[PDB]
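Trainee: What follows is the file coords_39.txt, containing compact mmCIF, C-alpha atoms (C1' of nucleotides):
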# COMPACT_ATOMS: atom_id res chain seq x y z
CA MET Y 1 221.74 163.78 133.66
CA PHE Y 2 223.12 167.31 134.06
CA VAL Y 3 226.45 168.53 132.69
CA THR Y 4 227.96 171.75 134.03
CA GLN Y 5 230.41 173.72 131.87
CA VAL Y 6 232.34 176.66 133.33
CA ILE Y 7 234.58 178.88 131.17
CA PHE Y 8 237.23 181.26 132.52
CA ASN Y 9 237.77 184.27 130.24
CA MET Y 10 241.50 184.95 130.48
CA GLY Y 11 241.71 186.61 127.05
CA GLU Y 12 243.89 184.10 125.20
CA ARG Y 13 243.52 180.58 123.81
CA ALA Y 14 245.43 178.33 126.21
CA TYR Y 15 245.89 174.66 125.38
CA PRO Y 16 244.05 172.39 127.85
CA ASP Y 17 247.17 170.53 129.05
CA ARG Y 18 248.96 173.68 130.21
CA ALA Y 19 245.65 174.86 131.66
CA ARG Y 20 245.33 171.77 133.84
CA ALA Y 21 248.99 172.05 134.83
CA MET Y 22 248.58 175.67 135.90
CA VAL Y 23 245.30 175.13 137.76
CA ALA Y 24 247.05 172.33 139.64
CA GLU Y 25 250.00 174.66 140.30
CA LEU Y 26 247.89 177.51 141.71
CA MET Y 27 246.13 175.33 144.30
CA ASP Y 28 249.33 173.82 145.75
CA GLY Y 29 248.82 173.11 149.46
CA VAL Y 30 245.72 175.20 150.17
CA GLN Y 31 242.59 173.04 150.51
CA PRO Y 32 244.22 169.66 149.73
CA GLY Y 33 240.85 167.93 149.43
CA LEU Y 34 239.87 170.20 146.55
CA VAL Y 35 243.14 169.40 144.79
CA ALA Y 36 242.67 165.65 145.25
CA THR Y 37 239.07 165.80 144.01
CA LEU Y 38 239.82 168.03 141.01
CA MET Y 39 242.90 166.10 139.89
CA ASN Y 40 241.03 162.75 139.99
CA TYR Y 41 243.25 161.27 142.69
CA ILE Y 42 242.73 158.25 144.93
CA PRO Y 43 242.14 159.40 148.54
CA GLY Y 44 245.54 159.42 150.21
CA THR Y 45 247.60 159.26 147.00
CA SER Y 46 248.48 161.63 144.17
CA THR Y 47 248.00 159.02 141.43
CA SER Y 48 245.29 159.48 138.82
CA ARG Y 49 242.46 157.04 138.15
CA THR Y 50 242.29 154.77 135.11
CA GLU Y 51 238.49 154.96 135.39
CA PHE Y 52 236.59 157.53 133.34
CA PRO Y 53 237.37 161.00 134.76
CA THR Y 54 234.50 162.98 136.24
CA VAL Y 55 236.67 166.11 136.03
CA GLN Y 56 236.91 167.52 132.52
CA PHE Y 57 239.08 170.15 130.86
CA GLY Y 58 238.64 171.68 127.42
CA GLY Y 59 240.15 174.31 125.19
CA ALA Y 60 237.85 177.30 124.90
CA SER Y 61 238.41 179.75 122.06
CA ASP Y 62 238.94 182.50 124.66
CA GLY Y 63 240.54 180.33 127.36
CA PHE Y 64 239.99 177.04 129.19
CA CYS Y 65 236.83 175.44 130.51
CA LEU Y 66 235.83 173.15 133.38
CA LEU Y 67 233.22 170.45 132.79
CA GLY Y 68 231.44 168.48 135.52
CA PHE Y 69 229.59 165.22 134.87
CA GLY Y 70 226.71 164.08 137.06
CA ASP Y 71 225.72 165.36 140.47
CA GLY Y 72 229.22 164.67 141.78
CA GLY Y 73 230.76 166.55 138.87
CA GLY Y 74 228.29 169.39 139.32
CA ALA Y 75 228.97 169.55 143.05
CA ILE Y 76 232.75 169.56 142.61
CA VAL Y 77 232.70 172.26 139.94
CA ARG Y 78 230.32 174.31 142.08
CA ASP Y 79 232.46 174.38 145.18
CA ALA Y 80 235.66 174.54 143.11
CA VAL Y 81 235.19 177.46 140.68
CA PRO Y 82 235.30 180.23 143.35
CA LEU Y 83 238.64 178.90 144.58
CA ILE Y 84 240.26 178.67 141.14
CA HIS Y 85 238.79 182.09 140.33
CA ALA Y 86 240.38 183.57 143.45
CA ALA Y 87 243.71 181.92 142.64
CA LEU Y 88 243.63 183.24 139.07
CA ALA Y 89 242.82 186.72 140.37
CA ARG Y 90 245.76 186.44 142.78
CA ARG Y 91 248.20 185.37 140.05
CA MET Y 92 247.02 187.85 137.37
CA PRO Y 93 246.60 191.17 139.22
CA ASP Y 94 246.00 193.32 136.12
CA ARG Y 95 243.46 191.24 134.17
CA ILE Y 96 239.76 190.64 134.74
CA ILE Y 97 238.83 186.95 134.75
CA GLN Y 98 235.25 186.23 133.69
CA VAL Y 99 233.29 183.08 134.53
CA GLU Y 100 230.55 181.69 132.28
CA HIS Y 101 228.34 179.01 133.84
CA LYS Y 102 226.05 176.95 131.60
CA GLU Y 103 224.36 173.58 132.09
CA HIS Y 104 223.48 171.02 129.42
CA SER Y 105 220.88 168.30 129.73
CA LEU Y 106 222.32 164.94 128.67
CA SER Y 107 220.04 162.84 126.47
CA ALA Y 108 220.54 160.11 123.87
CA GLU Y 109 217.53 158.94 121.85
CA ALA Y 110 217.51 156.53 118.93
CA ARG Y 111 216.65 157.56 115.37
CA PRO Y 112 216.17 155.24 112.36
CA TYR Y 113 218.65 157.21 110.22
CA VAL Y 114 222.09 158.69 110.84
CA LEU Y 115 223.26 162.26 111.42
CA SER Y 116 226.61 163.94 110.78
CA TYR Y 117 228.61 164.17 114.02
CA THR Y 118 232.24 165.30 114.16
CA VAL Y 119 234.87 166.22 116.74
CA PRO Y 120 237.92 168.47 116.63
CA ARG Y 121 240.08 166.27 118.92
CA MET Y 122 240.35 162.46 118.65
CA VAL Y 123 243.06 160.31 120.21
CA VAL Y 124 243.39 157.71 117.44
CA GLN Y 125 247.15 157.11 117.19
CA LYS Y 126 247.88 153.74 118.82
CA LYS Y 127 250.30 152.06 116.40
CA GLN Y 128 252.09 153.58 113.42
CA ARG Y 129 250.93 150.66 111.25
CA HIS Y 130 247.27 151.52 111.87
CA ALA Y 131 248.01 155.16 110.96
CA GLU Y 132 248.62 154.22 107.31
CA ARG Y 133 245.63 151.85 107.40
CA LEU Y 134 243.30 154.87 107.10
CA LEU Y 135 243.69 154.83 103.30
CA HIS Y 136 241.24 151.91 103.15
CA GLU Y 137 238.04 152.38 105.14
CA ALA Y 138 237.51 148.66 105.79
CA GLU Y 139 240.83 148.06 107.56
CA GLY Y 140 240.67 151.16 109.75
CA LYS Y 141 236.97 151.04 110.59
CA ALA Y 142 237.18 148.20 113.11
CA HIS Y 143 239.35 149.86 115.76
CA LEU Y 144 237.82 153.32 115.24
CA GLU Y 145 234.22 152.10 115.56
CA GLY Y 146 235.20 149.93 118.52
CA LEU Y 147 236.81 152.93 120.20
CA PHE Y 148 233.73 155.08 119.63
CA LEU Y 149 231.34 152.41 120.91
CA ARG Y 150 233.39 151.60 124.02
CA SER Y 151 233.87 155.30 124.80
CA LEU Y 152 230.15 156.01 124.44
CA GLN Y 153 229.09 153.04 126.55
CA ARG Y 154 231.62 153.73 129.31
CA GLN Y 155 230.74 157.42 129.53
CA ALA Y 156 227.04 156.50 129.57
CA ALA Y 157 227.62 154.02 132.39
CA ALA Y 158 229.63 156.67 134.25
CA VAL Y 159 226.78 159.18 133.90
CA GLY Y 160 224.03 156.54 134.18
CA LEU Y 161 222.25 157.51 130.95
CA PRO Y 162 220.19 154.88 129.11
CA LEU Y 163 221.41 154.11 125.59
CA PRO Y 164 219.75 151.96 122.91
CA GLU Y 165 221.05 148.43 122.38
CA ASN Y 166 221.34 148.75 118.59
CA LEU Y 167 223.86 151.53 117.87
CA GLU Y 168 225.89 151.12 114.68
CA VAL Y 169 228.36 153.76 113.51
CA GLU Y 170 230.36 154.14 110.29
CA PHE Y 171 233.29 156.52 109.92
CA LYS Y 172 233.67 159.19 107.25
CA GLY Y 173 237.09 160.75 107.86
CA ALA Y 174 238.97 163.67 109.34
CA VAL Y 175 240.41 166.95 108.10
CA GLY Y 176 244.02 166.68 109.20
CA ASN Y 177 246.53 165.74 111.87
CA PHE Y 178 248.29 167.61 114.67
CA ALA Y 179 251.05 167.15 117.23
CA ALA Y 180 250.81 167.67 120.99
CA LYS Y 181 253.40 167.55 123.76
CA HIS Y 182 253.49 167.41 127.55
CA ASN Y 183 255.68 170.52 127.75
CA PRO Y 184 257.13 172.83 125.07
CA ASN Y 185 260.57 171.28 125.62
CA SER Y 186 259.29 167.69 125.58
CA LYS Y 187 260.34 165.46 122.69
CA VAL Y 188 257.35 163.08 123.01
CA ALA Y 189 254.34 163.78 120.80
CA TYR Y 190 251.10 162.09 119.75
CA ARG Y 191 248.88 162.33 116.68
CA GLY Y 192 245.24 163.37 116.73
CA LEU Y 193 242.51 164.00 114.19
CA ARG Y 194 240.57 167.19 113.46
CA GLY Y 195 237.06 166.95 112.06
CA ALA Y 196 236.70 163.20 112.58
CA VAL Y 197 233.24 162.68 111.08
CA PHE Y 198 231.20 159.61 112.02
CA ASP Y 199 227.48 158.95 111.58
CA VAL Y 200 225.32 157.50 114.35
CA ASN Y 201 221.65 156.52 114.21
CA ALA Y 202 220.76 158.35 117.42
CA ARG Y 203 220.46 161.84 118.86
CA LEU Y 204 223.07 163.23 121.26
CA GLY Y 205 221.88 166.10 123.45
CA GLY Y 206 224.27 168.43 125.22
CA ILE Y 207 228.05 168.13 125.22
CA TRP Y 208 229.61 164.71 124.80
CA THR Y 209 232.91 162.88 125.18
CA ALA Y 210 234.48 160.31 122.87
CA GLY Y 211 237.77 158.45 122.79
CA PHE Y 212 239.90 158.00 125.91
CA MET Y 213 242.27 160.11 128.03
CA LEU Y 214 239.88 163.03 128.21
CA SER Y 215 240.94 164.94 131.34
CA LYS Y 216 243.93 166.50 129.56
CA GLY Y 217 241.43 168.03 127.14
CA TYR Y 218 240.85 165.59 124.29
CA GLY Y 219 237.67 164.08 122.92
CA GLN Y 220 235.19 166.76 124.02
CA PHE Y 221 232.56 167.88 121.53
CA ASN Y 222 229.19 169.66 121.62
CA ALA Y 223 227.05 167.35 119.51
CA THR Y 224 224.00 169.55 120.11
CA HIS Y 225 225.62 172.68 118.67
CA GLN Y 226 226.98 170.71 115.70
CA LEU Y 227 223.46 169.68 114.69
CA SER Y 228 222.74 173.38 114.07
CA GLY Y 229 225.18 173.11 111.15
CA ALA Y 230 227.15 176.31 111.83
CA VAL Y 231 230.35 174.90 110.27
CA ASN Y 232 229.66 176.72 107.00
CA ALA Y 233 231.38 179.93 108.16
CA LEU Y 234 234.95 178.67 107.71
CA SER Y 235 236.76 180.69 105.04
CA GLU Y 236 239.21 183.54 104.52
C1' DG B 1 216.22 169.57 114.52
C1' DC B 2 216.05 171.03 120.94
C1' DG B 3 221.26 175.83 123.26
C1' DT B 4 222.39 177.96 127.31
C1' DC B 5 222.52 182.15 130.56
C1' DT B 6 218.37 185.12 133.00
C1' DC B 7 214.04 181.26 134.91
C1' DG B 8 212.19 188.94 139.73
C1' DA B 9 211.87 191.79 143.59
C1' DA B 10 209.66 195.41 147.84
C1' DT B 11 205.51 197.14 149.78
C1' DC B 12 201.26 197.60 150.86
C1' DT B 13 198.56 192.93 154.40
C1' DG B 14 191.65 199.22 155.75
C1' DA B 15 189.69 202.54 157.61
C1' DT B 16 184.44 204.72 160.17
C1' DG B 17 179.29 204.47 161.64
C1' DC B 18 175.28 201.48 162.59
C1' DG B 19 175.76 197.88 166.52
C1' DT B 20 166.61 198.65 166.57
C1' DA B 21 161.73 200.45 167.30
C1' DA B 22 156.27 199.67 168.69
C1' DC B 23 152.58 196.27 170.05
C1' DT B 24 150.47 192.54 171.72
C1' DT B 25 151.63 191.44 178.08
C1' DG B 26 144.15 185.71 177.01
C1' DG B 27 139.41 184.65 176.91
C1' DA B 28 134.95 180.86 178.42
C1' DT B 29 133.15 176.83 180.52
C1' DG B 30 132.99 172.15 183.65
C1' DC B 31 125.12 172.89 188.99
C1' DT B 32 121.21 170.58 189.91
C1' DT B 33 116.45 171.35 191.51
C1' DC B 34 111.77 173.27 190.73
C1' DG B 35 107.95 175.23 188.67
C1' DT B 36 105.22 175.57 184.77
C1' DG B 37 104.00 174.25 180.24
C1' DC B 38 104.49 172.20 176.10
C1' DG B 39 103.80 167.95 173.36
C1' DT B 40 104.68 164.53 170.78
Translate the structure of the given file into structure tokens.
Mentor:
Amino acid sequence: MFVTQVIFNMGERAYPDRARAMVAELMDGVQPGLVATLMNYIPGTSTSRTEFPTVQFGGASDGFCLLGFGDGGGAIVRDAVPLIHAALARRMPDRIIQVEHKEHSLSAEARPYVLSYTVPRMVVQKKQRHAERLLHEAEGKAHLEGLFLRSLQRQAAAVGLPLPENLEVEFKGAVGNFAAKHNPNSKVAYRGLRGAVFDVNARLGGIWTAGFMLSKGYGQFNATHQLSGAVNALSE
DNA sequence: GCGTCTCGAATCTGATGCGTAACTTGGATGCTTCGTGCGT
């Protein structure tokens, strides 16, 4: 029902993957339970869970942000943020780290017409053949709409939010593509989409997640702020 | 088409007098006979 978003103001835009790597690195050894809980690890092992992650990372314009889902997510972010703040203060002795703590109510109500919803970061590259299928809407709609529907239903079930039984979505398109890597020296990269616009006949309150593999910082979007239509101020 | 943070706090939180007076303060009755005269 409640989503907690915490932003650490480091002063520079850090990509979410390196952010998660470094926050893992800072908490090595001290308070192992916090590390296991924050990294989405099975108790007793360091492996991650295939299930939807309750721990969330995102790329803030001024830094990186922690997102908790549900009471468990809220509780973990609440007892976690002082520790990561202390670690960041320890590592960066000559910079002030600022913490912004804001909560979003999560609500999804139906609506007999559609609204323009978009995201900056979709994980859509599965096969190279499907990548060229985006020229025709009909061929590429099936897997994209299926991905959106499954992502929405699984995140709703994870957060326990009621959703209508009659959601239909049609895709519009994206702005461009981008490449992302595990490490700067890694030779493995994936393709995402920026401005992937799709129309849904329902309202989405608060911040929302779509796609899969979200903990590394993909598929987060504030649907509520997008409805304000502040995307007009994009020019040079 | 909701946006969110903030979404108070401390302290006082009754004092003082006045907080009865005067007067009434019981009274009365509870038996028959006898003589003389009316009296209907």
Trainee: Pull the neighbourhood of (225.7, 183.7, 129.9) for me: all residues within 10 Å in file coordinates, counting only C-alpha atoms (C1' of nucleotides), as an mmCIF file with C-alpha atoms (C1' of nucleotides), in the frame of the given file.
Mentor:
data_model
loop_
_atom_site.group_PDB
_atom_site.id
_atom_site.type_symbol
_atom_site.label_atom_id
_atom_site.label_comp_id
_atom_site.auth_asym_id
_atom_site.auth_seq_id
_atom_site.Cartn_x
_atom_site.Cartn_y
_atom_site.Cartn_z
ATOM 1 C CA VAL Y 99 233.290 183.080 134.530
ATOM 2 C CA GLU Y 100 230.550 181.690 132.280
ATOM 3 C CA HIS Y 101 228.340 179.010 133.840
ATOM 4 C CA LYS Y 102 226.050 176.950 131.600
ATOM 5 C "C1'" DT B 4 222.390 177.960 127.310
ATOM 6 C "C1'" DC B 5 222.520 182.150 130.560
ATOM 7 C "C1'" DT B 6 218.370 185.120 133.000
#
Trainee: One decimal, in Å: what's the spacing between CA of residue 7 (chain Y) and CA of residue 74 (chain Y)?
Mentor: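 Interatomic distance, CA of residue 7 (chain Y) to CA of residue 74 (chain Y): 14.0 Å.
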Trainee: In Å, how far is it from CA of residue 178 (chain Y) to CA of residue 192 (chain Y)?
Mentor: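 CA of residue 178 (chain Y) sits 5.6 Å away from CA of residue 192 (chain Y).
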Trainee: Using all atoms listed in the file, can you tell me which of Y:6, Y:157, Y:115, Y:108 comes closest to residue 82 (chain Y)?
Mentor: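 Among the listed residues, the smallest separation from residue 82 (chain Y) belongs to Y:6.
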Trainee: Identify, on the basis of only C-alpha atoms (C1' of nucleotides), every residue whose closest approach to region 199-204 of chain Y does not exceed 8 Å; exclude the query and any residue fewer than 3 positions from it along the same chain; express the result as a PyMOL selection string.
Mentor: chain Y and resi 106-117+167-172+208+223-224
Trainee: Output the selection as a CSV table (one decimal), in the coordinates of the input - C-alpha atoms for each residue.
Mentor:
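Output file result-v6.csv is given in full below:
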chain,number,residue,atom,x,y,z
Y,106,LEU,CA,222.3,164.9,128.7
Y,107,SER,CA,220.0,162.8,126.5
Y,108,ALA,CA,220.5,160.1,123.9
Y,109,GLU,CA,217.5,158.9,121.8
Y,110,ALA,CA,217.5,156.5,118.9
Y,111,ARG,CA,216.6,157.6,115.4
Y,112,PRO,CA,216.2,155.2,112.4
Y,113,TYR,CA,218.6,157.2,110.2
Y,114,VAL,CA,222.1,158.7,110.8
Y,115,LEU,CA,223.3,162.3,111.4
Y,116,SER,CA,226.6,163.9,110.8
Y,117,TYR,CA,228.6,164.2,114.0
Y,167,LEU,CA,223.9,151.5,117.9
Y,168,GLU,CA,225.9,151.1,114.7
Y,169,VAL,CA,228.4,153.8,113.5
Y,170,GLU,CA,230.4,154.1,110.3
Y,171,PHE,CA,233.3,156.5,109.9
Y,172,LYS,CA,233.7,159.2,107.2
Y,208,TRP,CA,229.6,164.7,124.8
Y,223,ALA,CA,227.0,167.4,119.5
Y,224,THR,CA,224.0,169.6,120.1
Trainee: Compare Y:71, Y:143, Y:77, Y:216 by their minimum atom-to-atom distance to residue 181 (chain Y), counting only C-alpha atoms, and give me the closest one.
Mentor: Y:216
Trainee: Between CA of residue 196 (chain Y) and CA of residue 39 (chain Y), measure the distance and give it in Å to one decimal.
Mentor: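 CA of residue 39 (chain Y) lies at a distance of 28.2 Å from CA of residue 196 (chain Y).
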Trainee: I'd like to know which of Y:154, Y:191, Y:78, Y:49 is closest to residue 130 (chain Y), using all atoms listed in the file.
Mentor: Y:191
Trainee: Using all atoms listed in the file, can you tell me which of Y:30, Y:89, Y:3, Y:131 comes closest to chain B?
Mentor: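 For chain B, the nearest of the candidates is Y:3.
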Trainee: Counting all atoms listed in the file, figure out which residue out of Y:41, Y:2, Y:57, Y:198 gets nearest to residue 215 (chain Y).
Mentor: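 The answer is Y:57, which sits nearest to residue 215 (chain Y).
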Trainee: Here's a test: counting all atoms listed in the file, identify every protein, DNA and RNA residue with an atom at most 10 Å from (242.8, 157.1, 124.3) in the file's coordinate frame, and state them as a list in words.
Mentor: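 So the residues meeting the distance criterion are residues 122, 123, 124, 125, 126, 147, 151, 210, 211, 212, 213, 214, 218 and 219 of chain Y.
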Trainee: Given the choices Y:160, Y:132, Y:153, Y:183, which gets closest to residue 22 (chain Y) if the distance is worked out from only C-alpha atoms?
Mentor: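 Among the listed residues, the smallest separation from residue 22 (chain Y) belongs to Y:183.
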Trainee: Taking all listed atoms of region 177-184 of chain Y, build the axis-aligned box, pad each of the six sides by 4 Å, then write its centre and edge lengths in Å to one decimal as AutoDock Vina command-line options.
Mentor:
--center_x 251.8 --center_y 169.3 --center_z 119.8 --size_x 18.6 --size_y 15.1 --size_z 23.9
Trainee: As an mmCIF file with C-alpha atoms, keeping the file's coordinate frame, please: the residues near residue 26 (chain Y) (cut-off 10 Å, only C-alpha atoms (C1' of nucleotides), same-chain neighbours under 3 positions excluded).
Mentor:
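Just written: selection.cif:
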data_model
loop_
_atom_site.group_PDB
_atom_site.id
_atom_site.type_symbol
_atom_site.label_atom_id
_atom_site.label_comp_id
_atom_site.auth_asym_id
_atom_site.auth_seq_id
_atom_site.Cartn_x
_atom_site.Cartn_y
_atom_site.Cartn_z
ATOM 1 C CA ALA Y 21 248.990 172.050 134.830
ATOM 2 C CA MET Y 22 248.580 175.670 135.900
ATOM 3 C CA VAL Y 23 245.300 175.130 137.760
ATOM 4 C CA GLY Y 29 248.820 173.110 149.460
ATOM 5 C CA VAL Y 30 245.720 175.200 150.170
ATOM 6 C CA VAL Y 35 243.140 169.400 144.790
ATOM 7 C CA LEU Y 83 238.640 178.900 144.580
ATOM 8 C CA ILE Y 84 240.260 178.670 141.140
ATOM 9 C CA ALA Y 86 240.380 183.570 143.450
ATOM 10 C CA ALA Y 87 243.710 181.920 142.640
ATOM 11 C CA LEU Y 88 243.630 183.240 139.070
ATOM 12 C CA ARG Y 90 245.760 186.440 142.780
ATOM 13 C CA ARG Y 91 248.200 185.370 140.050
#
Trainee: Write out N, CA, C and O atoms for region 1-14 of chain Y, as a compact mmCIF listing (two decimals), keeping the file's coordinate frame.
Mentor:
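Resulting contents of out.txt:
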# COMPACT_ATOMS: atom_id res chain seq x y z
N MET Y 1 222.85 163.14 134.34
CA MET Y 1 221.74 163.78 133.66
C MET Y 1 222.08 165.22 133.30
O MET Y 1 221.75 165.70 132.21
N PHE Y 2 222.74 165.91 134.22
CA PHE Y 2 223.12 167.31 134.06
C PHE Y 2 224.62 167.41 133.88
O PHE Y 2 225.39 166.74 134.58
N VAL Y 3 225.04 168.26 132.94
CA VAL Y 3 226.45 168.53 132.69
C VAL Y 3 226.69 170.02 132.87
O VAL Y 3 226.02 170.84 132.24
N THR Y 4 227.64 170.37 133.73
CA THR Y 4 227.96 171.75 134.03
C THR Y 4 229.27 172.13 133.34
O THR Y 4 230.28 171.44 133.49
N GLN Y 5 229.24 173.22 132.58
CA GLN Y 5 230.41 173.72 131.87
C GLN Y 5 230.70 175.14 132.33
O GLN Y 5 229.83 176.02 132.24
N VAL Y 6 231.91 175.36 132.82
CA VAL Y 6 232.34 176.66 133.33
C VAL Y 6 233.56 177.10 132.53
O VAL Y 6 234.53 176.34 132.40
N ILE Y 7 233.52 178.33 132.01
CA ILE Y 7 234.58 178.88 131.17
C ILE Y 7 235.18 180.09 131.86
O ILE Y 7 234.44 180.98 132.32
N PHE Y 8 236.50 180.13 131.94
CA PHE Y 8 237.23 181.26 132.52
C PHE Y 8 237.79 182.11 131.39
O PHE Y 8 238.61 181.64 130.60
N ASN Y 9 237.37 183.38 131.33
CA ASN Y 9 237.77 184.27 130.24
C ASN Y 9 239.06 184.97 130.62
O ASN Y 9 239.07 186.04 131.24
N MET Y 10 240.19 184.37 130.24
CA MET Y 10 241.50 184.95 130.48
C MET Y 10 241.93 185.90 129.37
O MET Y 10 242.75 186.80 129.62
N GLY Y 11 241.38 185.74 128.17
CA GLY Y 11 241.71 186.61 127.05
C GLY Y 11 242.63 186.01 126.02
O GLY Y 11 243.00 186.71 125.07
N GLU Y 12 243.02 184.74 126.17
CA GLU Y 12 243.89 184.10 125.20
C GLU Y 12 243.60 182.61 125.17
O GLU Y 12 243.26 182.01 126.19
N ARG Y 13 243.74 182.02 123.98
CA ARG Y 13 243.52 180.58 123.81
C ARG Y 13 244.68 179.82 124.42
O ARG Y 13 245.79 179.83 123.88
N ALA Y 14 244.44 179.15 125.54
CA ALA Y 14 245.43 178.33 126.21
C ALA Y 14 245.10 176.86 125.99
O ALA Y 14 243.95 176.45 126.13
